[PDB]
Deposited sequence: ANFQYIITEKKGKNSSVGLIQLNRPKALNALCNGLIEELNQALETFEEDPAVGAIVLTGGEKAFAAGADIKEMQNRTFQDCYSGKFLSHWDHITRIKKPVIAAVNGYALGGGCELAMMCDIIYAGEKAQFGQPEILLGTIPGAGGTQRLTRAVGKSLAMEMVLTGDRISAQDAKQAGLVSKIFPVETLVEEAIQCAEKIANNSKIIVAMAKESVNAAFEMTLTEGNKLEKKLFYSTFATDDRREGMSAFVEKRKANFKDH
């Protein structure tokens, strides 16, 4: 469509990386309903596009996304909430992998949106935080849940109770993010990692992703049994036969996505 709040581009080898860029820089990309509706639309389009194997989500160089728009919630009631932040986690239902390339601020709903991605790459000056407590509320889209599971009780409690930000280097050391890149090459490096993934078999990559996600939803006993079943499933695909022949016949693999 004609997007007012984001820009999308297809990037990388063979146009296989979908790039979604939040673009509301005077508001440092605060998450408003308008922008969320567009993000959701773009994610669905990329998800349905057969040439796209992975998505990179990024913002501007000073901010991935600072916050939601407070003015937009300022006047709601308990009843309003309860009976009526609904479309905020559509990103968790995409099957293809999604990499957040975070430069600058990722705060509040912004930190949450990044944690919902499968992988996070941070720029050198990135900063993460959940300042919701400073506004008299608490994180409402996994900020108390995905953060704690990544960084441990002590650091998550400190962040959620004080609102204090942490640096890209603290995030990486704690495992909230897995690489740090220079500011000017962040998105390009995220695009390469996405390309590498997109070169894999899509149906296998989707099973792997589902398998890793399952580790937050099951005991280890049941997570292993699920994994084992996804693993048996891969033997029903041509890609599995091809990847393994390629290694025996010492050649490169040619996946076809089934």
(request) Pop the missing stretches of the deposited sequence into a list, counting residues from 1 and keeping sequence order. (result) 85-86
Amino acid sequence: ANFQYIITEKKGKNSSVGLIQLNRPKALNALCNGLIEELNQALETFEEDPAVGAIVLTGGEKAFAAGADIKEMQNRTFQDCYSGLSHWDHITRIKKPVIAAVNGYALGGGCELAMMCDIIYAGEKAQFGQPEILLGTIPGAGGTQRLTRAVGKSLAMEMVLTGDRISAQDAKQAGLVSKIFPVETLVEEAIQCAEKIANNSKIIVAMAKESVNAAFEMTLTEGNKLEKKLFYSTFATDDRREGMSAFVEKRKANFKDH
From here on, numbers count along this sequence of modelled residues.
(request) Find out whether the coordinates of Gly84 are absent in at least a third of the other compared PDB entries of the same protein. (result) yes
(message) Regarding 211-219 and 23-31, which shows the higher C-alpha temperature factor on average in the entry?
(response) 23-31
(message) Comparing average C-alpha B factors as deposited, tell me which of 101-109 and 182-190 sits higher.
(response) 182-190
(request) Would you mind checking which of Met73, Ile166, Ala156, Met116 has the top Cα temperature factor in the PDB entry? (result) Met73
(request) Report the option among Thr148, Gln79, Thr162, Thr137 whose CA atom has the maximum B-factor in the deposited record. (result) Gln79
(request) Relative to the other modelled residues of the same chain, rank the CA B-factor of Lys95 and answer lowest, middle or highest third. (result) middle
(request) Relative to the other modelled residues of the same chain, rank the CA B-factor of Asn200 and answer lowest, middle or highest third. (result) middle
(request) Grab the CA temperature factor for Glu227 from the record and place it in the lowest, middle or highest third of its chain. (result) lowest
(request) Sorting the chain's modelled residues by C-alpha B-factor, tell me whether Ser233 ends up in the lowest, middle or highest third. (result) middle
(request) Consider only the C-alpha atoms of the modelled residues in this chain, order them by B-factor as the entry records it, and name the third containing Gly142: lowest, middle or highest. (result) lowest
